[PDB]
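Chains, contacts and geometry: an overview
What follows is the residue order along each chain.
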Amino acid sequence: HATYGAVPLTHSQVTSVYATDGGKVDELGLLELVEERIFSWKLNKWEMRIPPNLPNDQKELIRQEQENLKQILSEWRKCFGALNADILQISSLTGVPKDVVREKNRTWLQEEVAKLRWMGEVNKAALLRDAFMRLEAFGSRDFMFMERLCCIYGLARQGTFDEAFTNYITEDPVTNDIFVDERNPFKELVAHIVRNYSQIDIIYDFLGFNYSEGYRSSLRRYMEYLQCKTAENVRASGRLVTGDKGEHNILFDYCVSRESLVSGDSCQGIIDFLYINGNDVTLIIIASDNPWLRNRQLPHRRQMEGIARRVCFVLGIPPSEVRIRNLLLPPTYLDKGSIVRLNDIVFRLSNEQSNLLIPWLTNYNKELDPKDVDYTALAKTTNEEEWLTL
Amino acid sequence: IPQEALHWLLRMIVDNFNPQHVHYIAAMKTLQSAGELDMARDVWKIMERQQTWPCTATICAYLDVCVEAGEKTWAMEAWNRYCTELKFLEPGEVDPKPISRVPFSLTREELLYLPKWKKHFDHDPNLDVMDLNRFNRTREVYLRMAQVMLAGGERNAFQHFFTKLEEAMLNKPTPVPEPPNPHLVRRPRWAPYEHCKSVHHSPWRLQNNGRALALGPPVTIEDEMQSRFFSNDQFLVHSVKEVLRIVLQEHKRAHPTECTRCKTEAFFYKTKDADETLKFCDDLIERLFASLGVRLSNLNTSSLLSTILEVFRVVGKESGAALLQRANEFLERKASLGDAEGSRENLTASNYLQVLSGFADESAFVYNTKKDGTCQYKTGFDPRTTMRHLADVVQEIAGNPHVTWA
Amino acid sequence: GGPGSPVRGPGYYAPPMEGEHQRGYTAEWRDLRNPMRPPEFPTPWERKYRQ
Amino acid sequence: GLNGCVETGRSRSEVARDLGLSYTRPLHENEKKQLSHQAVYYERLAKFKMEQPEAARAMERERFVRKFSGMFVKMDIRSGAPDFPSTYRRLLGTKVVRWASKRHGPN
Amino acid sequence: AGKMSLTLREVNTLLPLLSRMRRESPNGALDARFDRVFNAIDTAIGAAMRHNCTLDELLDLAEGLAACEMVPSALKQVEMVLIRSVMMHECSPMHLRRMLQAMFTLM
Amino acid sequence: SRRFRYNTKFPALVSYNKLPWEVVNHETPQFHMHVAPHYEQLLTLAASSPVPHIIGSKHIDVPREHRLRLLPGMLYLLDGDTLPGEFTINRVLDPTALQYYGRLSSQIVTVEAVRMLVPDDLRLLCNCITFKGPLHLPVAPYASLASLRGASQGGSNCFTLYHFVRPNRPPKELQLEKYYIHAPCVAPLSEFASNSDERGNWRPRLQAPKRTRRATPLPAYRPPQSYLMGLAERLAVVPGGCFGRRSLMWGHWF
Amino acid sequence: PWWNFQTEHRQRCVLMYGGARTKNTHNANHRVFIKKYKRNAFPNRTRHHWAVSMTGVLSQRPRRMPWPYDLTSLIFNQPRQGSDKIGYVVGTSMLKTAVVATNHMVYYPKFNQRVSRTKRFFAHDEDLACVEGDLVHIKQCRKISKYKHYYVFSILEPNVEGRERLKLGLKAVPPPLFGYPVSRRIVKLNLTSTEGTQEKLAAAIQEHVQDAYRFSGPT
Amino acid sequence: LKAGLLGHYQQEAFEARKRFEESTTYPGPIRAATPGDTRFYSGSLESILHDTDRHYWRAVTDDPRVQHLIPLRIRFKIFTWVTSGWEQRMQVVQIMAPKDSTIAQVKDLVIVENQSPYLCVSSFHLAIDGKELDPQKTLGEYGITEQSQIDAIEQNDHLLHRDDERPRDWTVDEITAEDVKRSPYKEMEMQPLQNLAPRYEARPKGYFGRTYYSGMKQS
Amino acid sequence: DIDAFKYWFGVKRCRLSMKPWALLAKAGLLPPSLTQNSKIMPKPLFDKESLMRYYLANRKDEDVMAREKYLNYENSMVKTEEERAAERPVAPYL
RNA sequence: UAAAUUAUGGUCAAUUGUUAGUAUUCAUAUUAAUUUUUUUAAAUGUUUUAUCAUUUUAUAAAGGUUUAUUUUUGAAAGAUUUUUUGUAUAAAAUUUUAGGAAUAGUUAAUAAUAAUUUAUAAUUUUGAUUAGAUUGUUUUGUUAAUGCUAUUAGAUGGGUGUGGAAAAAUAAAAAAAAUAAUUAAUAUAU
Ligand SMILES: [Mg+2]
Ligand SMILES: [Mg+2]
């Protein structure tokens, strides 16, 4: 539990504390074992996990992050229970073994449903068909795999969940020897996550798990990493990243728009990042949680023309081929379509070369939340706009 | 009746009060003192169904009834639910924890905008669990989990728990003991009316007064402190004593016909599992003497010697003179490991009580057997030798004025 | 009724109430004179007795 | 130190007392005279008890005679009431002439 | 527990004893048992600044606060009543010496 | 206000030290009723276990200013009838006051004289009892009375007990509660020990003898012929007016 | 059938006293008022009784009743009625005693309206922090004085202007110029010189003599 | 007060509080001071016989009752009777002494915790390895630990006159038992209460009989 | 009222007049009262010798009488071994 | 100021008496009479004891007049435990006068039981004190009625400091320490 002197960890101390050497670590087996240990808990195991000697705002943000981890793990618990119930129902209605259900086919489903309908059991045939239909979308062993890995990385990030996975009294299944196990599969799994997934903090912040600082610094590190693999000759001074090829490849970290947006002020246009790629200019803006501030956060057409004219003045690029385009990002997370549009527009990367440069992009399945409709309307009116030519 | 100890807890929840941890502790201890172990487990299930996370004192009070009932499954369930994250004290950590939870208060804003269920404070026992685990009673947990695995018959889990407890009591500092709580009673500050009958108020007998004990004690006391006030080596001695006491308890449970006063022929002779039991006890005593070096000269081993004599009297059928010889050899071994000329201690009243009960177990008999009026004795029983060994021992106890008879 | 009486409000019309008294007097208090529905159970004992 | 404790039931002043904070309005001369003259009469009465025993003994003796021989010295519900002319107001006209009115405070 | 309250005389009597117990300690500071003692001093000082204070009691309070090294929680009302005590007619150079030595040992 | 600090429950009461009906006077036989069973148990203790400061070689020499403060509550035994100075000797010759030493003089050492010593300031009594040896109780060699010549021998046998009390106090004052340690007597067990030659002369009885004849019957119960007070099982009278329990009635006329 | 509360109250009265109520309590009796005193010579100074006055605390007309639905029941969850209260500090002339004016609601069902009445309480503050003008939250407690059974639990809003006026050496609240009079007679302020006070005294005593002449009546 | 302006005030109670948590910067967690005792308990006045300076429920123990103790055991030279004669043996008295205590306080703790009439019979002196100890020095000045062997050398010609005015269980909160007769480290934490008597509810509040209509639960 | 009568009779230990005792003996709650006399059968005559002979002819065991008193007075729901084997946890926690 | 869009390719209704409950008679209903009925005349036996005594036996009426109410730790219940110890003395709240003004054994503090002191004290025009009337009480009556109109549970600072508690100068039961009687009805006159 929480002790006097426990502290929340950043990525550096998670990397340093869980730095062990492992060879051929099973991701799915240790993932299922750690989640089986998690699902066997009660709600009282989640109570005393906040470290006491902290200010109240930091304790509130830690409580919000732990509540988010708890509700996402409970959602995956009920999803896994539904998965096991559907697999057991299919193996009981059909008569096939349980381990070969996941490798079955749709022709096999048609044959088994026709066999059940021939015997006169239309209810069991409808149950088998509906269980297989809701099993084709959820039945993979790696379904929410990046989200579950980010949940376990967040449980390591809290710092108070590391001793909750060991010192259990178990029985041997074949000899019935009551013993106490000191093996910690959570530490081995977090060590393998830190060793293999070098950008697990970027996926952790992009999925909306970080409640303290958000995903903006992870976005800057992601864009700097994607600039270092495309320009390949990169100098980085403070908040300015530049390629030295003569062709303009510039990333400028202007300001943080969460503190820059004064509530009750009349100032049109506050951006976060400015990316100059060749002749193109992108104003990368992270939207705010205030819907009365999103209309003030995007710059005017005259302001974008002034920024493009300043680019023509400073970089010496002629104003015949100069294009400037706004880019709006979701406030608390970063969905898959936003990252795809960021790779398409800013860095001029298609899907195949982005999957070659970034391996974890294919299994990233974050989408826009349905309850935020005004942001989706603003992003539809913003991202479908033509490049403003000076 | 003892069932009322279960009743007044239940009426505590029917009348919409939150039972604190002291109520569960008092209910489990009152039902354990009356021999109602299932009612104590019902109190534990009541605490679990109220979704109250127990403190270490409630955990120890549950593990006492898990130890006395000999049920390892209950203790393993309680371990895997609550005690998997209990750590021993470290030299770097502070010995008392500071109070983390500020008492509940509302500002001038939170009185208005918060709803009435957020501004409501009942004495919820889950709020002060981090402040009731302030004094690090983990050594009382790892001892209790060492005992119940001895009761269920698990040697490897007992060896793991006892090895962890031994390494913690040899290489980690002693925690600060929790002070007693005087706010749990509503006793008056003084006697409101001063009036005291004399000891000789009755001309027919000597009666006890409220001022002084004039009739003498009926039962000998051990005259030792509580287990929380002990040091780490003293708690290791107490741990060996408790493991031997649970060995004695499980031997009396497995063989109830051969452990009481006679009532049958089988009391006189050893059981067939007594040699391995005494071998395990001797190996535990030699492990205690090998772990602690000269420091065992500066520790109180009165209850340890009394439990050693009770084990080598009940489990091993030994004579009272053999028990006196073993106690004298134990005290001379303790006085000899100090590497000085020293001066040996005397046997206490609890140590002499085991020798006298061994003398009574030598001369014990089966009264009114099948021959209608013939008491059956032990084979090879000599009344003259046993009486001669009793009389000089009684004179030895009476020569020492520091042993209080009972 | 005050002391020893379970009546909480007038039967038909009342002075204007605010807050939880407004929600209680109009929606949430007991009413055994309702011929259609009995006074409701707490959650979740109302879902399984819907019919 | 402006909010009382809901858990322990302490007052507004006792929470600030346990925090080492001082909330006291600037007093006038009479409000400081009320708090400064409490010790002066105690030192005067102790000096009278030490310096004139033959008068203090007679004063304490006649005070004990007036206390002991009184009619309403038995602790009862009437003697234990905080406001006797307000609780027992039907005696003030026809039976008790000590109190001429039944209202002395906001109750 | 609120059963009693300390005036300035009790503080001026308790502060040299606690300074002596600080000097007799192995460490320079006192043990943590007396944190409720100094707090009982800390509420007694800031209330007494709202009452009347003679010059000798203020000098004994300043010397006691300088003897055992404790900064009171108020620290401004004490300096405000020390400002009012400089230009008094009863002020002596011994009084100014004690006041300046105590303020240099505190500040 | 001052009236609303506490309630009037449990007020301050007058102590028993200032009430004449609660204070035992030493000129009465009731003084020797309370203090004589304390002496007969202390001599049982001193004859069976070593009491540290119960026997001295002289009277304890406190100064005259510390005489009233330290001496009441103190007891010691000396050899011979030597009385302390600055006292007025008053010999107890009342048979009503001397009757309470009957168990002390019969079952233990014979009481020769009981004296009450009253000083010049009349504030520190001394109850002096002179015994004549030897003891009727067996005395242990490790006991305190083995170091006394008047107790060990069977003028030279006289030894005196000295108990200092305050004159007009309740009987709580003249109590000796620190001497009620019950030390055993090993006189029946000294026969079978290794230190005696009688250890081989006794014969053990391991079985009960076969009884051919039953017990002798009681004589024929004759009921009383006088008027009885009533049923003692409902008048709350103990089984003879002496001891027992009312619920277990026995020893009366029926 | 669903019985009302009067059936339960009748059941309680039957189980207590053996019977509910003896009949014939109305009797339609003609209560006649017989006057004794003169026309305008009733022996009272304020209220002159000349009709049959009804007697009853809660059974009189027009009917009142306490209205438990107010700000206090909306804010505080109370163990009993009147335990927690919120009011304003109006008087600090007593040591360790703040006078707190609080409001409650009384319901008239005939006119169907609630009215706000005011009750003054004496509360306790040990450190003397309550200034006249503070919105305070007081709570019930033991008997402290003859009229003190409340204490200041929290100061929900301090009077900043009162504290700044107390820092200036002034009163916290400037005192009112109006208040209670001393008599029904018009209290005229006398402004005269030091020499013209005897004739003013003669006029005042002559006016008192004419007020005593009013006892004579006609002529 | 006017209750209809409550909810808008709640908006202000929101709009200030969210303004507060964003305005100030929290430096760090302030340590928790122990709460005192209130003199404002509900109900009637209690007696001075039961005033234990605690009028609420606190399930935890704070810092003024926490003591740092050392289990110091001190040896005494005794003599036991054997069949030959006297033999010199050792009797150990164990106390819990505080770490910052002096040796005279350790001697007083040995005097008050022996509970034997044969041990503290005369004035003794504490020593280590024959070298006598200064009674005005701390235990830390001599390096006295649990394993340090401390002897008590007596002078049997004197007589120890003690006056036990301090109770055996004296803590800071001043709660002492009169019939305690035991060191507080020896007695158990929880035991069966034989002095009290179990009492059940004999006064029904609203329900008294035949039919439970409402039960008069508001009362 | 059966439950209130048993509460005031056992827990609170009320008194009983003879007419409510006879009325409750008609209900099977109590035995017939002391005053309900069969006037054809006289009162018994006791002698201790015949009582001792009947007591020594057939007296119960000590442990059987103790367990009967424990079932009648202390509690009557004592769990069997087959129920203790069901109340204990299983292999995921055991 | 959008300008009459064209398979009109689906008409055949309603009523089978089954109801989400304050409903209004300016002349009818409540009061006394055309009719009431039936009795009652005081002057009195509670009991056990250890005997000129002691143990148990705590709310009769008129008068005077009240904004409000309840619970003894003590006696009993009551137990093979025991301290005259088992939290009773408190709060909110709501009265009336056809000719409306002042009130006080007084308010708070207090090292103050049992107040030689301090204070710019306390109640009241948001209706006080006194005087009058006066037990209160969704229990009564009436009506379509959140209206009007009635009431009879009670308590009792100088009779005795006894008793746990004054409630004590008189009550058809509340059966009051051995089963007095316990089938029934009158249960009282007698
Ligand atoms: Mg009783
Ligand atoms: Mg004063």
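Scroll up to find the structure.
Residues numbered from 1 in each chain as written, not as in the entry; some residues may be left out. Chains lettered and ligands numbered in written order. Part of a larger assembly, values for the part shown. Heavy atoms only, no water. Residues with missing side-chain atoms left out of burial classes, pairs and counts.

Here's the deal with the overall build of chain G
What counts here: Helix and strand assignments come from DSSP, with helices taken as H or I runs of at least 4 residues and strands as E runs of at least 2, each series counted from the N terminus. The quantity called the radius of gyration is restricted to C-alpha atoms. Its globule counterpart is 2.2 Å times the number of residues to the power 0.38. The rule is simple: take the accessible area with a 1.4 Å probe, protein chains only, and divide by the maximum for that residue type; under 20% is buried, over 50% is exposed, in between is partly exposed. Note on contacts: a residue pair qualifies if any of its non-hydrogen atoms lie within 4.5 Å across the two residues.
Within chain G, the regular secondary structure consists of 4 helices and 6 strands. Against the compact-globule benchmark of 17 Å for 219 residues, chain G has a radius of gyration of 27 Å, which places it well outside the compact range. Taken over the C-alpha atoms alone, chain G extends approximately 90 × 65 × 35 Å along its principal axes. Every one of the 219 residues in chain G was classed for burial, and the buried ones make up 33%. Considering only residue pairs separated by 6 or more positions, chain G has 45% of its internal contacts joining residues 24 or more positions apart.

Some thoughts on the packing of aromatic side chains
Between two aromatic rings, the relevant description is the distance of the centres plus the angle of the planes. Short version of the rule: Two rings from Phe, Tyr or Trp (for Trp, the six-membered ring) form a pair when their centres are within 6.5 Å of each other. A pair whose planes differ by under 30 degrees is stacked, one over 60 is edge-to-face, and the rest are tilted. Note on geometry: a ring has a charge over it if NZ (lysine) or CZ (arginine) is within 6 Å of the ring centre and within 35 degrees of the ring normal.
For the coordinates displayed, the defined rule picks out 66 aromatic pairs over all chains. Considering the side-chain rings of I:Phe5 and I:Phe9, the 5.2 Å spacing of their centres and the 20° angle between planes classify their relative orientation as stacked. Within this pair, I:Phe5 and its partner I:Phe9 are both found in helix α1 (residues 2-11), separated by 4 residues, close to a single helical turn. A residue is classified by how much of its surface remains accessible, and I:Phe5, at 17% relative accessible area, is buried. Three or more aromatic residues joined by ring pairs form one cluster here, namely A:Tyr18, A:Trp41, A:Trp46, A:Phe161, A:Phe165 and A:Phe186. Here the basic side chain of B:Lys317 rests over the ring of B:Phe267, its NZ or CZ set 3.7 Å away from the ring centre. Residue placement shows B:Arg326 over the ring face of B:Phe312; its charged tip is 3.7 Å from the ring centre.

A closer look at the arrangement of the chains
By number of contacts, the leading pair among the 21 pairs of chains in contact is chains B and H. The least C-alpha distance between chain E and chain I, which are not in contact, is 41 Å. Of all C-alpha pairs spanning chain F and chain I, none lies closer than 12 Å, and the two are not in contact.

Observations concerning the interface of chain B and chain D
Stated formally: Think of a salt bridge as a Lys or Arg side-chain nitrogen and an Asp or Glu carboxyl oxygen that are within 4 Å of each other. Pairing of N or O atoms within 3.5 Å defines a polar contact, subject to two protein rules: one partner must be a possible hydrogen donor and the other a possible acceptor, and residues neighboring in sequence count only if both atoms are side-chain atoms. We call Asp, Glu, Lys and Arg charged. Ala, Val, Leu, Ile, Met, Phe, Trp, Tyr, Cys and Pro are nonpolar, and the rest, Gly among them, are polar.
Counting residues at the interface gives 9 residues for chain B, matched by 6 residues for chain D. Where B:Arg101 meets D:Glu7, a salt bridge forms, and the shortest distance between an N and an O atom there is 2.6 Å. At the surface where chain B touches chain D, the tally comes to 4 residue pairs in polar contact. Of the residues assigned to the side of chain B that touches chain D, the class counts are 4 nonpolar, 3 polar and 2 charged.

Some points on the sheet that holds strand β3 (residues 110-119) of chain F
Residues and elements named next belong to chain F. Heads up, the rule is: Think of it this way: DSSP has to see at least two bridges between two strands before they count as a pair. For helices, the fitted line uses only the C-alpha atoms of the stretch in contact; every axis is such a line through C-alpha atoms, and the angle between N-to-C directions lies from 0 to 180 degrees.
As summarised here, the arrangement of the 5 strands in space is β1-β5-β4-β3-β2, forming an open sheet in which the pairing is antiparallel. Of all the strands in the sheet, the pair left with one neighbour each is β1 (75-79) and β2 (87-91). Across the sheet, the mean angle separating the axes of adjacent strands is 25° when strand polarity is ignored. The sheet strands contacting helix α1 (residues 31-46) are β1, β3, β4 (125-132) and β5 (158-165), and the helix crosses β4 at an angle near 50°.

Side note on the nonpolar core
Inclusion rule: Each nonpolar core is a collection of buried residues, namely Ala, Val, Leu, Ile, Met, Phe, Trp, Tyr and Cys, held together in the definition by side-chain atoms within 4.5 Å.
Core analysis: the largest hydrophobic core is formed by 96 residues, its most contacted members being B:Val141, B:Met145, B:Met149 and B:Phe161. In terms of residue count, the dominant contributor to this core is helix α10 (residues 232-254) of chain B (9 residues). Excluding residues that lie within four positions of it along the chain, B:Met149 makes contacts with A:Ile178, B:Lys72, B:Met76, B:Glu154, B:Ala157, B:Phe158 and B:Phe161. In this structure, A:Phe39, A:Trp46, A:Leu189 and A:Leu251 belong to the second largest nonpolar core, which totals 79 residues.

Points about the layout of surface pockets
A water-sized probe, rolled over the atoms, reveals where empty space remains. Just so we agree on the cut-off: Of the two site types, the cavity is a set of points on a 1 Å grid over the protein atoms alone where a 1.4 Å probe fits but cannot get out, and the pocket is an open set with protein on both sides within 12 Å along at least five of seven lines, each lined by residues with an atom within 4 Å of a point. Grid points are joined across faces, edges and corners, and a volume is the space filled by probe spheres set on the points.
One number sums up the size of the second largest pocket: a volume of about 1,900 Å³. D:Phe72, D:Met75, D:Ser79, F:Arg3 and F:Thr8 are the residues nearest the centre of the second largest pocket, which is lined by 38 residues in total. Only α4 (53-68) and α5 (84-87) of chain D provide two or more residues apiece to the lining of the second largest pocket. Tallying contributions element by element places α4(D) first for the lining of the second largest pocket, with 5 residues. Looking at the lining of the second largest pocket, its residues break down into 18 nonpolar, 8 polar and 12 charged.

Focus: a nonpolar patch on the surface
All names here are of chain F. Our working rule: The patch calculation keeps residues exceeding 30% relative accessible area without a salt bridge and links them within 9 Å when they carry like charges or within 5 Å when they are nonpolar (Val, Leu, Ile, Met, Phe, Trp, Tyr). Areas reported here follow the Shrake-Rupley algorithm with a probe of radius 1.4 Å; residue values treat only the protein chains shown as occluding.
Taken together, the side chains of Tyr221, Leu228, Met229, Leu235, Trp253 and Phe254 present a nonpolar region at the surface, about 670 Å² in accessible area. Locating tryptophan 253 in the fold gives a position in the segment after β5. Classification of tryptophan 253 by relative accessible area gives partly exposed; the value is 32%.

Some details on the pairing of β5(F)
Residue and element names in this part refer to chain F. For β5, the buried fraction is high: 8 of the 8 residues fall into the buried class. Neither face of β5 is left uncovered, since the one carrying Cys158, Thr160, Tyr162 and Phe164 and the one carrying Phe159, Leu161, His163 and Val165 both have all their residues buried. Bridge count between β1 and β5: 5 bridges; the pairing is antiparallel. Looking across to β5, one finds that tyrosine 76 is bridged to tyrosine 162. Bridging between β4 and β5 involves 8 bridges; their strand directions are antiparallel. Looking at β5, one finds that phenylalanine 131 is bridged to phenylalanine 159.

Regarding the environment of F:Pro204
Examined against the element boundaries, F:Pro204 turns out to sit in the segment after β5. Sequence separation between F:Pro204 and F:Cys242 is 38 residues; the distance between their C-alpha atoms is 39 Å. Each residue touching F:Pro204, except ones within four places of it in the same chain, is listed here: B:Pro383 and B:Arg384.

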